[PDB]
K.L.:
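Quick one: the structure is below, questions incoming.
Proteins come first, then strands; the chains are lettered A, B, ... in the order of their sequence lines, and each starts at number 1. Only this structure's heavy atoms are used, side chains among them; waters, hydrogens and symmetry mates stay out.
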Number of protein chains: 2
Amino acid sequence: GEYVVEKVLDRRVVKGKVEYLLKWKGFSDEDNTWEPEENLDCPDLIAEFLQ
Amino acid sequence: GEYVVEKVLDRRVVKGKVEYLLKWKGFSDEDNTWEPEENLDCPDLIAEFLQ
């Protein structure tokens, strides 16, 4: 039921859409996913990635 | 950073892949997503849907 982003690994802009590569809590690095920014309401994680 | 499934709305099997329709905490009903079962480690929510 509960999903937590552990780390923002990367960002891409493809055909104008911003997406972030996310590492998930309790999942393998093999299951990282690219997610549209629209829903990534995560400032501490994004700032981490920016720095 | 934190994402929580509030409710399992539906299930489909398309081209043999099982997916569940999920309602997300703090998001609109407009942003429900179909998610592959492989990662949906959520028994209380799924059982809810089964009943």
Side-chain angles (χ1 to χ4, degrees), chain A residues 1 3-16 18-29 31-37 39 42-43 45-47 49-50, chain B residues 1 3-16 18-29 31-37 39 42-43 45-47 49-50:
Chain A
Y3 297 97
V4 169
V5 177
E6 271 181 357
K7 195 178 187 178
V8 178
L9 302 165
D10 207 356
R11 187 185 67 199
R12 70 188 179 187
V13 188
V14 306
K15 288 175 196 66
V18 183
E19 294 182 334
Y20 294 95
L21 190 59
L22 306 186
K23 172 41 174 83
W24 296 97
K25 188 187 284 307
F27 291 79
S28 170
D29 299 280
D31 292 343
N32 293 348
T33 66
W34 288 102
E35 295 297 337
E37 79 174 339
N39 19 249
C42 305
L45 288 163
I46 288 168
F49 164 70
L50 307 172
Chain B
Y3 297 97
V4 169
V5 177
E6 271 181 357
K7 195 178 187 178
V8 178
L9 302 165
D10 207 356
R11 187 185 67 199
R12 70 188 179 187
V13 188
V14 306
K15 288 175 196 66
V18 183
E19 294 182 334
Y20 294 95
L21 190 59
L22 306 186
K23 172 41 174 83
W24 296 97
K25 188 187 284 307
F27 291 79
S28 170
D29 299 280
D31 292 343
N32 293 348
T33 66
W34 288 102
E35 295 297 337
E37 79 174 339
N39 19 249
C42 305
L45 288 163
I46 288 168
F49 164 70
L50 307 172

K.L.:
Looking at CH2 of B:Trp24 and OG1 of B:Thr33, how far apart are the two atoms once the value is rounded to the nearest 0.5 Å?
P.N.:
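Answer for the CH2-OG1 pair, B:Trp24 versus B:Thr33, is 5.5 Å.
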K.L.:
Indicate yes or no: at least one non-hydrogen side-chain atom of A:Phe49 is less than 4.5 angstrom from one of A:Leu9.
P.N.:
no
K.L.:
Between B:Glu19 and B:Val14, what is the shortest heavy-atom contact and its length?
P.N.:
OE1-CG2, 4.5 Å
K.L.:
Which pair of non-hydrogen atoms, one from B:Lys23 and one from B:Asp29, has the smallest distance, and what is that distance?
P.N.:
CE-OD1, 3.6 Å
K.L.:
In Å and rounded to the nearest 0.5 Å, what is the CD1 to CZ distance from A:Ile46 to A:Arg11?
P.N.:
9.5 Å
K.L.:
Where does the angle between the aromatic ring planes of B:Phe27 and B:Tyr3 fall among parallel (under 30°), tilted (30 to 60°) and perpendicular (over 60°)?
P.N.:
tilted
K.L.:
Applying the side chain to side chain contact (heavy atoms under 4.5 Å, CB included) test to B:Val8, which of B:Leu22, B:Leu50, B:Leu21 qualifies?
P.N.:
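Testing B:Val8 for a side chain to side chain contact (heavy atoms under 4.5 Å, CB included) against B:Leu22, B:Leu50, B:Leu21 leaves exactly one candidate, B:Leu22.
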